[PDB]
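Taking the form solved without ligand UDP, here's one chain by itself in structure tokens.
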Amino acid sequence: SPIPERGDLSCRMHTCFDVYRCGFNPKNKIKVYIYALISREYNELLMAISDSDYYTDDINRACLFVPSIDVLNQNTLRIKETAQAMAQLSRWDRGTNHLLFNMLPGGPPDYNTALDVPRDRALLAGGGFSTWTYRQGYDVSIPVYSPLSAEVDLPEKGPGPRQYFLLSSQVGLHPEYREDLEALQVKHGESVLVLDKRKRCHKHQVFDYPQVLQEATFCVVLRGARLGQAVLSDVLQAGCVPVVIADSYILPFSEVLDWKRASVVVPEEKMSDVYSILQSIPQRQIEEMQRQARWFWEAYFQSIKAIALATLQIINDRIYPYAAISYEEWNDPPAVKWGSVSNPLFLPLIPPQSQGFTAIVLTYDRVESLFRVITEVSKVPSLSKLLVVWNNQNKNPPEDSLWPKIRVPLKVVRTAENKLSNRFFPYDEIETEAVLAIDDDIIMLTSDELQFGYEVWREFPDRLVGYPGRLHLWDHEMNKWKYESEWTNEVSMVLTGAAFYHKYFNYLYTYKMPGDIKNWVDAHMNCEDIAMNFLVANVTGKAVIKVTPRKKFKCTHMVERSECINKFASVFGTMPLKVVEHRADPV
């Protein structure tokens, strides 16, 4: 029977992979085909593959191939027979796109840190990779599965202080490892705990192995066989920060998972310096690493389904980098994801004064006061454009000759409906970044006032700058939020009337708002200002900058505002508004 050539280390995506098979599709996900024929682990792998969105039929359509031959354990693999089968696969094509899954790439006479089968061009997802046997953009490093993750369910113990500092629970280590661990234990004592040969036996003391790891803040993972140990998954599950002392070992999913925030890698020469290395790490970093290790276990190390999905996702990002998921989404726990901001306007650029701001003015059944404010607004320098949105559909716009004489190109937008959320629509006529939203009732603003507001906005392009000031307080008797404006010792919102903000915020309001706030506001004809403040605070994660030493900007309201605030807090799951006690006024 034919046998392929040995694994080629000079085999990358741009040479071995065939991108013609999976060119482009709307849902940018690769297609995986499975050969019809096995260990229960490999069965769970194939079931996970078949029950995902990467599984397809009509072999001519699929881009990746996963043969149904058990390769996970190489101790009883019968290399030659597996090679004959892979050659016989009838669609091998020199293994151009075939994906192989393995977790123990070790041979009893010698450990090659890679699959010993020919696998000329086959792509490997192996549990143990050295930096010499791992192809960078071609291969995937995967965890080695431990049955304990399904056999025992450890309690979700939170981060905190623990009895032991450095723990080493492994079986059959090389004598030098044992000698140096014993030296560390005898040097320090009562903190370093080494366990001898699912039960751990210390001198005249017994522990349960999966649960003893819960009592240590650092756990040692050594290189004894295959360069990849199943103890790593147990260490991550128990929450203790792993300490990997393998010399040349590439951790699982290192392409996308940032292990610098979840583990400590110490070269095995400096083993006597391990304790001094770990003592330098402060408590907060230890807690963060415990959290990250637990998240890594619960997301990728938990079951074979997680491993298969992560491997296919990594390959998919390799095939379609433009649609790849973010490394932040990859390593952040759900709690961090909820807490994280990820500001989209993160680039710190200060726009030049040569540009301007397109003032958008909203009126309905008010013409004699719209004119009085458009006249004053038009005086402001660096006002590139002025848009007036006409809400009242029954009434007609005034005559063009009746409009004032201004220095800027005016335009009038004919609304299809009468909704107060139409002022936040991203207009293609807006050629600037800053957008000045001003209301007809707002009159006590000078040209210097607006110019200073715009100048302040230029220093904070990514947040909300507004003249009026409102905030929210918490009452114990109603156990809810209230809308407070009578007094001001702090601020958390500025009304959209007389406010400067980026047009990206208009885009967010129109499209990326959750599906409840926009329709609720279009129903209630109120609380657009509060919704915009909530959205800005949630997306940018920053406070709001008031710009006036002034409060009076005009010549069942409050209950409705409180209801709006409570509803907006409920739909976001929290209260994104941040209270600040500072205002910006000119020097």
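Heads up: residue numbers just count along the shown sequence, starting at 1. Here the rigid core means the biggest group of C-alpha atoms that line up within 1.5 Å when the two forms are laid on top of each other.
TODO: Figure out for me whether 199-207 or 228-236 is the more displaced stretch in 5 other deposited structures of this protein, taking RMS C-alpha distance from the shown form once the rigid core is superposed.
DONE: This comes out as 199-207, the stretch further from the shown form in 5 other deposited structures of this protein.
Task: More shifted region, core-based fit in 5 other deposited structures of this protein, 114-122 vs 511-519 by CA - done: The more displaced stretch in 5 other deposited structures of this protein turns out to be 511-519.
TODO: Check whether residue 26 has no coordinates in at least a third of the other compared PDB entries of this protein, counting only entries that model residues on both sides of it.
DONE: No: coordinates for residue 26 present in every compared entry.
Open item on the list: Across the other PDB entries of this protein that model residues on both sides of residue 532, is it left without coordinates in at least a third of them?
Closed with: no, residue 532 modelled in all other entries.
- [ ] Quick one: classify how much of the deposited chain lacks coordinates between residue 37 and residue 38, choosing none, 1 to 3, 4 to 9, or 10 or more.
- [x] Gap between residue 37 and residue 38: 10 or more residues without coordinates.
Task: Gap size, residue 285 back to residue 284 (deposited sequence, no coordinates) - done: Nothing is missing between them.
The form solved in complex with ligand UDP is left out here; the points below concern that form.
Task: Heavy atom of residue 366 within 4.5 Å of ligand UDP in the deposited bound form - done: Looking in the deposited bound form, residue contacts with ligand UDP include residue 366, since a heavy atom lies within 4.5 Å.
Open item on the list: How about residue 362 - does it come within 4.5 Å of ligand UDP in the deposited bound form, if we only consider non-hydrogen atoms?
Closed with: Close contact exists here: in the deposited bound form, residue 362 approaches ligand UDP to within 4.5 Å, heavy atoms only.
Open item on the list: Residue-level question: is residue 148 within 4.5 Å of ligand UDP in the deposited bound form, judged on heavy atoms?
Closed with: Judged by the heavy-atom cut-off of 4.5 Å, residue 148 is well away from ligand UDP in the deposited bound form.
- [ ] Answer for residue 525 alone: is it within 4.5 Å of ligand UDP in the deposited bound form, judged on heavy atom distances?
- [x] Close contact exists here: in the deposited bound form, residue 525 approaches ligand UDP to within 4.5 Å, heavy atoms only.
Open item on the list: Using a 4.5 Å heavy atom cut-off, which residue among 139, 317, 439, 433 comes into contact with ligand UDP in the deposited bound form?
Closed with: Contact with ligand UDP in the deposited bound form is made by 439 alone.
TODO: Let me know the one among 391, 451, 185, 302 whose heavy atoms come within 4.5 Å of ligand UDP in the deposited bound form, would you?
DONE: Only one option qualifies, and that one is 391.
Task: Segment that reaches ligand UDP in the deposited bound form - one of 286-294, 415-423, 268-276, 252-260, heavy atoms within 4.5 Å - done: Contact-bearing stretch, as computed: 415-423.
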